[PDB]
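Worksheet: the structure to be examined is printed underneath.
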Amino acid sequence: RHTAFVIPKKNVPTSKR
Amino acid sequence: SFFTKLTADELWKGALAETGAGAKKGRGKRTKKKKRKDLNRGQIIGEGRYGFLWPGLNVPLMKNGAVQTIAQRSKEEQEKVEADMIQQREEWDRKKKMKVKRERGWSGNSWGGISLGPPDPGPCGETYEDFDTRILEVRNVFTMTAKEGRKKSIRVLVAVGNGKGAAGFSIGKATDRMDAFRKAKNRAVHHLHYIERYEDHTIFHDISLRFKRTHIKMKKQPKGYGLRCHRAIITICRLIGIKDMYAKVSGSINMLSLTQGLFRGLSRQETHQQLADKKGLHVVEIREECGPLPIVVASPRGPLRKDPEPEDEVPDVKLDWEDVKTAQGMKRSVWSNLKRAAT
Amino acid sequence: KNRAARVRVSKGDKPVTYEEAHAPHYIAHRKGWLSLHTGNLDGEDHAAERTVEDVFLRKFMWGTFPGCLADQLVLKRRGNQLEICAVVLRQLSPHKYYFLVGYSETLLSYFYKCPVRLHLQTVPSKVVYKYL
Amino acid sequence: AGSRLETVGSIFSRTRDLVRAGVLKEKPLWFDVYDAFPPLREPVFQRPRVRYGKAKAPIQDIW
Amino acid sequence: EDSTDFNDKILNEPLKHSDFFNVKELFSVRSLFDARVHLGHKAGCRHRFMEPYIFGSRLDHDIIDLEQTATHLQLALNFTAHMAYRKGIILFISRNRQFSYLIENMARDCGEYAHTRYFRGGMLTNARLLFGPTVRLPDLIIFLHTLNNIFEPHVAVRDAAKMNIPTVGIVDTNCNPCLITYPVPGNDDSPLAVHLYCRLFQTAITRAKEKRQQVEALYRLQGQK
Amino acid sequence: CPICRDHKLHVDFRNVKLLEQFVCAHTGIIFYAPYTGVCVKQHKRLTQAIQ
RNA sequence: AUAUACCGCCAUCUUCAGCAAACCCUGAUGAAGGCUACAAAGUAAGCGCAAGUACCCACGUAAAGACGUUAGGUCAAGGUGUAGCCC
Ligand SMILES: [K+]
Ligand SMILES: [K+]
Ligand SMILES: [K+]
Ligand SMILES: [Mg+2]
Ligand SMILES: [Mg+2]
Ligand SMILES: [Mg+2]
Ligand SMILES: [Mg+2]
Ligand SMILES: [Mg+2]
Ligand SMILES: [Mg+2]
Ligand SMILES: [Mg+2]
Ligand SMILES: [Mg+2]
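Next comes the structure, spelled out in structure tokens:
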């Protein structure tokens, strides 16, 4: 079987000054 | 005992062994990786094995305007809640295990030819919804260090295009493959080329360049010929918008030199208007389909020259043996002119 | 290297609390104590019996308010009384909070033969000190 | 967007094409001024090379 | 419905005249010859792309043809004056410490910006991080000295082309004018010449800025009545 | 294949709109099977309907 | 049974001073690399050092001491994954 790779949901920056 | 009990986080942290020496330097097989499961997902506060109904917690506080009292489910009724809870667990597990259908690229396990979508929108109200990203190469490069030793890094080559003459490529280097796709994709829109197209479907003339040790000989073709070129070139050409063209790669088949050389030769091609302005003459197109009719595709904006170009009995232009050998029926190859799929 | 009561640095997306962001060498400099009794003062007794009560209370409240505790408990003892102070999330309905308060207060008073009072302070989301 | 290919073409050519392709929604402020009052030479990058053999500079002495 | 008239009358109208701000009366070939704008470096320092502008080499001292400078300087002053009329951000760059004070003062005098200090890598190609996402970069960079202190091209010449910023530059006989959009060939060492350049660009800018206030008042006054 | 996966696509000589997808619009040549991916049986039925 | 599945608590270099996300640039868009103050492409959140704090001060001693290294130590603190025993 092929390696299963799908685009992961983009993260949102948590730390803001 | 009850004082030797930990929490789920401590139990899963030690059971998964995600942070350990084995993970650090490719010392652990991924064939059967352990996977974290949340055992509190489908649990209701107040539901136990005895089947007790606690007013205000498990069940509504008041029924028919009166406060309920402590009640306990019957054996038959409590056994139906356990089986319905199990079905929910299996349903949840089954959906997660199922894999959504995927679209492969050049090969099943090859990253090349896979789309990464449009580049991320810019902060100052910039969007690239008309652009498309396609992976060309994903390499795993290693580097010896003093402390860690042999650490793995990813090099990614991507191309972006809007389908209307604008296209560019970039390189992304990172430790995670998903971070290399973003860098290359978002950096390729700031290094865009504009490729000129003849009638919006092909190049203006035959190109034959060499980047370092890679040789690329492209040819102009009529409508309906299709793309008969290296698979990487077919990915870029769709991004640019070139429907019909033939290309042959010789020498080194390095993807980065083939990519950097293709954009170089496709940007240095002279159009028919430039040729007319440069020589102050009419560029006339002759077609067998249209017979002897002369079609003027470009005319000089400036003063038209009254003197014709001196006819040359024989032209001292360097020829290619591969092309002369084909026109004279001498290039025998059991791999040329093979029936293939539409590109 | 030392590990005790330390949250190792991460890429930057891990949110830690004030209590969780300080190691043991700050327990009397930048942090207080989660429990306050007299057992450990000079000349006092029953330090081993107050400790077992604290270890049980933290586990009882953690499993009795599952997913609702934003931060660690602050246990207070004044004479006979025992005061449990907790910060809780607002996800759960108030009806269930009042039920668990009347159930937990009563059960722990008959188990430790003492008047037990529980003081909840709801917060929208887990207060974040910094991102390690 | 834009294009940071300083070697490829000139700012006018790179901006003229991208504006016509659609990438640039609005052309830059200077663009109109350059087309109307352009310079004598298009500012295209060129690599300096060394003269070899008998090639010499045209510079003459002022006598 | 009212913007088209405003744009056509104000912005397009100047672009229809060869010398809207009349910057050809600000200088002359004799005004440049008296400021030693024709004196270049020695032949051994000469750059190969400045040969077209070299009248000759008198005793191994390149002489810059002022006939071309006047034609090259007219296009720069007009372009510089038009960008100030459009309320563009003009940045003066120079790494010659001798004239650093003079250039900074002129920029303040003409309501423009200067950078005569060490150019930190990323001012232009990374301004979002350094200044902020909503930062506005210069619309015109004027190079009074295109070389740095180790006799190499200023990094901003290459960085201004990456950001598609038009550059104006005073190139000497040992300078590279290939990426400079409007290059003026002249001496960049003598203090009598740098005072001229500064006075000319400062005059063209102040005129253009005052020329737009006259065109707007007429439109505003005429529009009401 | 494209013709066998959809049972509502009928290779008939009256269905000119479907037969135009298997003929080049620039050279008037019927594509070979590997081009479109149809089987030999349906490519032989298209050619007869196209002729 | 396996510390060569781990958490947990540590040793060691550390009687160190560096680690590093995210960008940018160079090298023809190769692995790679990134300083010169009369300055020449680097900017940097965060962690650490530092600073604070404790003990009799500003001193000193404690404490602290990152990322990594040695599959370092410990399944016999306790817990635990896998495998095994259950008259
Ligand atoms: K360990
Ligand atoms: K153990
Ligand atoms: K075990
Ligand atoms: Mg396969
Ligand atoms: Mg130690
Ligand atoms: Mg000079
Ligand atoms: Mg070990
Ligand atoms: Mg001290
Ligand atoms: Mg110590
Ligand atoms: Mg310290
Ligand atoms: Mg070992």
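Chains as they are written, first to last, in the entry's author numbering: chain G, 50 to 66; chain D, 88 to 430; chain C, 36 to 167; chain S, 2 to 64; chain B, 53 to 277; chain O, 105 to 155.
Quick reminder that beta carbons are idealized off the backbone N, C-alpha and C, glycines included.
Inset, instruction - Would you mind reading off the limits of the alpha helix (DSSP H) that contains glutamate 169 of chain D? - result: Along the second sequence, one-based indexing puts residue 169 of chain D at 82. 162-184 is the extent of the alpha helix (DSSP H) around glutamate 169 of chain D.
Inset, instruction - Report, in whole angstroms, the separation of the C-beta atoms of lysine 330 of chain D and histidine 288 of chain D, which I expect to be a contact under 8 angstroms. - result: In the second sequence, the residue the question calls residue 330 of chain D occupies position 243. In the second sequence, the residue the question calls residue 288 of chain D occupies position 201. About 4 angstroms separates the two Cβ atoms, so the contact holds.
Inset, instruction - For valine 151 of chain C, name the three-state secondary structure that DSSP assigns. - result: Position 116 of the third sequence, counted from the start, is the residue given in the question as residue 151 of chain C. Strand, per DSSP.
Legend entry - Cross-chain neighbours of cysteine 316 of chain D in chain B, by beta carbon under 7 angstroms: The residue you call residue 316 of chain D lines up with position 229 of the second sequence. Per Cβ cutoff of 7 angstroms: no residues; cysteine 316 of chain D is ~31 angstroms from chain B at best.
Legend entry - Complete alpha helix (DSSP H) runs within the segment 136-168 of chain B (minimum length 4 residues, chain order): Counting only unbroken stretches of 4 or more residues, the alpha helix (DSSP H) elements lying wholly within the segment 136-168 of chain B are 152-161, in sequence order.
Legend entry - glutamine 156 of chain C, DSSP secondary structure in three states: As a position in the third sequence, residue 156 of chain C is number 121, starting the count at 1. Assignment of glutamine 156 of chain C by DSSP, reduced to helix, strand and coil, places it in the strand class.
Inset, instruction - Using a cut-off of 7 angstroms between C-beta atoms, extract the partners of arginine 427 of chain D located in chain O. - result: In the second sequence, residue 427 of chain D corresponds to position 340, counting from 1. Residues of chain O passing the Cβ test: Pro138.
Legend entry - Cutoff 8 angstroms; reference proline 150 of chain C; Cβ partners in own chain excluding five residues on either side: For the purposes of this step, residue 150 of chain C is taken as the residue at position 115 of the third sequence. Counting only Cβ-Cβ distances below 8 angstroms, and skipping sequence neighbours, we find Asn115, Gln116, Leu117 and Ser144.
Legend entry - CA nearest to the CA of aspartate 364 of chain D, picked from D:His280, D:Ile294, D:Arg388 and D:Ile222: Position 277 of the second sequence, counted from the start, is the residue given in the question as residue 364 of chain D. Answer by Cα proximity: D:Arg388.
Inset, instruction - Would you be able to state if there are at least three C-beta pairs under 8 angstroms between the segment 130-146 of chain D and the segment 158-178 of chain D? - result: These segments touch.
Inset, instruction - Could you tell me whether the Cβ atoms of residue 24 of chain C and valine 162 of chain C are closer together than 8 angstroms? - result: Any property of residue 24 of chain C remains undetermined from this structure, which presents chain C solely from 36 to 167.
Inset, instruction - Could you tell me which residues DSSP pairs with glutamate 224 of chain D in its beta bridges? - result: Within the second sequence, the letter at position 137 stands for residue 224 of chain D. Partner(s): D:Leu244.
Inset, instruction - For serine 64 of chain G, write down the residues that DSSP places opposite it in a beta bridge. - result: Working through the first sequence from its first residue, we reach residue 64 of chain G at position 15. Bridge partners of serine 64 of chain G: none, in fact.
Inset, instruction - Find the nearest neighbour of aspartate 117 of chain B within the set B:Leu192, B:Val89 and B:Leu67, judged by alpha-carbon distance. - result: For the purposes of this step, residue 117 of chain B is taken as the residue at position 65 of the fifth sequence. Of the candidates B:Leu192, B:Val89 and B:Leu67, the one whose C-alpha sits nearest the C-alpha of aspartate 117 of chain B is B:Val89.
Inset, instruction - Give a yes or no on whether 8 angstroms exceeds the smallest Cβ distance from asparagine 196 of chain D to chain G. - result: Within the second sequence, numbered from 1, the residue matching residue 196 of chain D stands at position 109. Yes, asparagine 196 of chain D lies at the interface with chain G (some Cβ there is under 8 angstroms from its Cβ).
Inset, instruction - Measure the Cβ-Cβ separation of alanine 22 of chain S and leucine 67 of chain B and say whether it is below 8 angstroms. - result: Position 21 of the fourth sequence, counting from 1, holds the residue named residue 22 of chain S. Position 15 of the fifth sequence, counting from 1, holds the residue named residue 67 of chain B. Contact: no.
Inset, instruction - Let me know if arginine 221 of chain D comes out buried or exposed under the rule of 16 or more other beta-carbons within 10 Å of its beta-carbon. - result: Along the second sequence, read from residue 1 onward, the residue named residue 221 of chain D stands at position 134. With 16 or more Cβ atoms within 10 Å of its Cβ, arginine 221 of chain D is classed as buried.
Inset, instruction - Just the chain S side, please: which residues come within less than 7 angstroms of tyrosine 234 of chain B by C-beta, in chain order? - result: Position 182 of the fifth sequence holds residue 234 of chain B. Simply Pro40.
Legend entry - Contained alpha helix (DSSP H) runs [length at least 4] in the segment 290-375 of chain D, N- to C-terminal order: The DSSP assignment places complete alpha helix (DSSP H) segments of no fewer than 4 residues inside the segment 290-375 of chain D at 318-327, 342-354 and 359-366, in order along the chain.
Legend entry - Cutoff 8 angstroms; reference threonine 8 of chain S; Cβ partners in own chain excluding five residues on either side: For the purposes of this step, residue 8 of chain S is identified with residue 7 of the fourth sequence, where counting begins at 1. The beta carbon of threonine 8 of chain S lies closer than 8 angstroms to those of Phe46 in the same chain, with the five residues before and after it left out.
Inset, instruction - Please state if the CB of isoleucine 290 of chain D and the CB of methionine 305 of chain D are separated by a distance shorter than 8 angstroms. - result: Here residue 305 of chain D refers to the residue found at position 218 of the second sequence. Here residue 290 of chain D refers to the residue found at position 203 of the second sequence. Yes. Within cutoff.
Inset, instruction - Could you check what DSSP says for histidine 57 of chain C in three-state terms: helix, strand or coil? - result: Taking the third sequence and counting its residues from 1, one reaches residue 57 of chain C at position 22. Correct three-state label for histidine 57 of chain C: coil.
Legend entry - Exposure label - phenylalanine 151 of chain B; buried when at least 16 CB within 10 Å: Your numbering for residue 151 of chain B matches position 99 in the fifth sequence. So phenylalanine 151 of chain B ends up on the buried side.
Legend entry - Contacting residues, own chain, Cβ-Cβ under 8 angstroms from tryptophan 179 of chain D (five flanking each side not counted): Here residue 179 of chain D corresponds to residue number 92 of the second sequence, with the count starting at 1. Excluding its 5 nearest sequence neighbours in each direction, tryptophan 179 of chain D has C-beta neighbours in its own chain below 8 angstroms: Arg128 and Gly129, listed in chain order.
Legend entry - beta-carbon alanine 104 of chain D near ligand 7 non-hydrogen atom, thresh 7 angstroms: On the second sequence, residue 104 of chain D is found 17 positions in, with the first residue counted as 1. Distances taken from the Cβ of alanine 104 of chain D to the heavy atoms of ligand 7 include none shorter than 7 angstroms.
Legend entry - CB contact below 8 angstroms: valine 61 of chain G versus chain D: Along the first sequence, one-based indexing puts residue 61 of chain G at 12. Interface criterion not met: the Cβ of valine 61 of chain G is under 8 angstroms from no Cβ in chain D.
Inset, instruction - Flag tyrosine 164 of chain C as yes if its beta-carbon sits less than 8 angstroms from any beta-carbon of chain G, otherwise no. - result: Stepping through the third sequence from its first residue, residue 164 of chain C is reached at position 129. For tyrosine 164 of chain C, no Cβ of chain G is located within less than 8 angstroms of the residue's own Cβ.
Inset, instruction - Going by CA-CA distance only, name the one from D:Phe90, D:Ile131, D:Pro309 and D:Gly348 that's closest to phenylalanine 95 of chain C. - result: Within the third sequence, numbered from 1, the residue matching residue 95 of chain C stands at position 60. Closest option to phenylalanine 95 of chain C, Cα to Cα, is D:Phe90.
Inset, instruction - Count the other C-beta atoms from every protein chain shown that fall within 10 angstroms of the C-beta of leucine 380 of chain D, then say buried if there are 16 or more, exposed otherwise. - result: Here residue 380 of chain D corresponds to residue number 293 of the second sequence, with the count starting at 1. Result: exposed.
Legend entry - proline 129 of chain C - containing alpha helix (DSSP H), residue span: For this step, residue 129 of chain C is matched to residue 94 along the third sequence. According to the DSSP assignment, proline 129 of chain C belongs to the alpha helix (DSSP H) that extends over 129-146.
Legend entry - Cβ of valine 90 of chain C within 8 angstroms of any chain D Cβ: Residue 90 of chain C sits at position 55 when you count from the first residue of the third sequence. So, interface residue.
Inset, instruction - Could you tell me the boundaries of the alpha helix (DSSP H) in which residue 60 of chain O lies? - result: Only positions 105 to 155 of chain O appear in this structure, which leaves residue 60 of chain O out of reach.
Legend entry - Bridge partners - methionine 149 of chain D, DSSP secondary structure assignment: Here residue 149 of chain D refers to the residue found at position 62 when the second sequence is read from its first residue. Looking at the DSSP assignment, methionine 149 of chain D forms a beta bridge with D:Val154.
Inset, instruction - Check whether the Cβ of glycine 195 of chain D lies closer than 7 angstroms to any heavy atom of ligand 4, and answer yes or no. - result: The count along the second sequence starts at 1 and reaches residue 195 of chain D at position 108. Yes, since a heavy atom of ligand 4 falls inside the 7 angstroms radius drawn around the Cβ of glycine 195 of chain D.
Inset, instruction - Could you please give me the residues that DSSP links to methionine 231 of chain D through a beta bridge? - result: Within the second sequence, the letter at position 144 stands for residue 231 of chain D. Partner(s): D:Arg237.
Inset, instruction - For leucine 349 of chain D, I'd like the list of residues in its chain whose CB is within less than 7 angstroms of its CB, leaving aside the five on either flank, ordered along the chain. - result: Against the second sequence, residue 349 of chain D aligns to sequence position 262. The residues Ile303, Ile320 and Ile323, in chain order, have a CB closer than 7 angstroms to that of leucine 349 of chain D in the same chain once the five nearest residues on each side in sequence are set aside.
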